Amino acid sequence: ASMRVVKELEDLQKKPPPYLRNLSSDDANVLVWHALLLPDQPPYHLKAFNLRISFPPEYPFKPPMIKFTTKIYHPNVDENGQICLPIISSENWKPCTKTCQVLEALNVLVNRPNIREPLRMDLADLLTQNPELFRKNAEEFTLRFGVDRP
């Protein structure tokens, strides 16, 4: 798995997408990566958010795991930074899927909230019922906990 992952990481580090910065593996574990996500959706565009990508031994035959380590106020990220990213679902996971697609899809998850299957139902309700109050809450939380935007 390490060999495939290093090839993937190497390609991503040389051709990074604009919304991913500082892509790097863990000191001695090439199966854990760290990166900053730079979302464009207001008010998330003000900061960046660190994520941890963990690759299983069986990769690419089992999906990677992704969580945020930076606190984020979002209906589709829980308070421990877990997400339900459809593309890496054990159900949807296909061994042809590359991590560049997975990160692109994560970028989508953050930029386009899905109020239909949220991890934080009260935030989804708020986002729908009073989007301005949601934006105020999210902005405050973003400015408080977000990582400085590269």
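From 1 onward, residues are counted along the sequence shown.
With 24 to 32 and 97 to 105 compared on mean CA B-factor from the PDB entry, the stretch scoring higher is 24 to 32. When the C-alpha B-factors of 11 to 19 and 133 to 141 are averaged, 11 to 19 comes out higher. Compared with the other modelled residues of the chain, the Cα B-factor recorded for residue 115 ranks in the highest third. Ranked by Cα temperature factor within the chain, residue 50 sits in the lowest third according to the deposited record. Sorting the modelled residues of the chain by their CA temperature factor places residue 91 in the highest third. Looking at the C-alpha B-factors along this chain, the one for residue 125 belongs to the middle third.
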